[PDB]
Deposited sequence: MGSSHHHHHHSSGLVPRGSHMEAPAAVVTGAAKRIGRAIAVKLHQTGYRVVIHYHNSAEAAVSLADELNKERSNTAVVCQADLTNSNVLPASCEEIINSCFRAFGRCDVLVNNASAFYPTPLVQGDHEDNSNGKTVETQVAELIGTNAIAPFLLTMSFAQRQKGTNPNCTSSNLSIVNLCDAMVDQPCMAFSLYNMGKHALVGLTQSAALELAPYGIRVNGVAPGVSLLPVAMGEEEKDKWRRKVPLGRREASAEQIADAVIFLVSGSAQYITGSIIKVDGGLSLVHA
């Protein structure tokens, strides 16, 4: 039968493009979402119009809490419930906002570290326990040149590098590859003004523009494919050279 994939935070933007490209490649998809119900349902409808019974939505908050393990188990279970298998997990969902050193701080910890690291970890556990299997984590090419006042976000993304490597090592004997894709400047925030978007675009050596969502998705497609079957623990930057540019 057709393989199946879970994509977190798949209603919009990069996650949406990943889900679309996996579906185009022949995967059945679980479209996870948190608040964006209308967009998730609209995407599932579009994919099911192309091939019936190949897309479902699954709602969950990925903030850390004592119920997060159950929520993550339920996302994986939702893929088995719909499709009878779960071949690929893409950890894409992510909270992102500044947390200056100088919502409560514990809520910020729960959101930023939960979505970017703890939920990927718990999803990884549940994915492995429930079993070309692979996991792709959406990292950040700027993790070692971080944005000012984004400590908790950056901590979460560093933790995700650690998970990628640790899980690659530990899950290799189960035939599960674990890799990352690290955007630099990709889709800018909807709320960001044009001037500020252009400041970011002008930093990029290759073309002075952000990555499209489809360009990020292309790297995910490579990593889950048969053409990457000896690749595990690798993080592919898709950053147009941004990370190589000094201050």
| said: Relative to the deposited sequence, which regions have no modelled C-alpha positions in the structure? | reply: 1 to 21, 124 to 133, 163 to 172
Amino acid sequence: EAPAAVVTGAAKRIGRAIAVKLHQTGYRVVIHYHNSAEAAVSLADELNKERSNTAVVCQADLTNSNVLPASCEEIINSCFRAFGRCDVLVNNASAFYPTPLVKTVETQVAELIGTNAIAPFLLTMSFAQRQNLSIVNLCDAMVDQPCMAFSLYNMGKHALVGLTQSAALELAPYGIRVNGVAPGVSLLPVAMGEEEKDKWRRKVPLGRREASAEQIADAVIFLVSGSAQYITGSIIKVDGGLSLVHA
From here on, numbers count along this sequence of modelled residues.
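Whichever C-alpha set is largest while still superposing within 1.5 Å between the two forms counts as the rigid core.
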| query | Which of 209 to 217 and 29 to 37 lies farther, on average, from the shown form in 9 other deposited structures of this protein once the rigid core is superposed (C-alpha RMS)? | reply | 209 to 217
| query | Comparing C-alpha positions in 9 other deposited structures of this protein against this form, with the rigid core used for the fit, which stretch differs more, 200 to 208 or 50 to 58? | reply | 200 to 208
| task | Report the stretch with the higher mean CA temperature factor, choosing between 238 to 246 and 1 to 9 on the basis of the entry. | result | 1 to 9
| query | Averaged over C-alpha atoms, is the B-factor higher for 145 to 153 or for 111 to 119 in this PDB entry? | reply | 145 to 153
| message | Take the CA temperature factors straight from the PDB entry and tell me which of 99, 166, 126, 104 peaks. | response | 104
| Member of 207, 184, 180, 69 with the greatest C-alpha B factor (per the PDB record) | 207
| Ranked against its chain, the third holding the CA B-factor of residue 24 | highest
| note | Sorting the chain's modelled residues by C-alpha B-factor and splitting them into thirds places residue 88 in the lowest
| For residue 133, does the deposited CA B-factor place it in the lowest, middle or highest third of the chain? | middle
| field | Third of the chain's Cα B-factor distribution that residue 217 belongs to, per the entry | value | lowest
| task | Would you check the entry's CA temperature factor for residue 227 and let me know if it's in the chain's lowest, middle or highest third? | result | highest
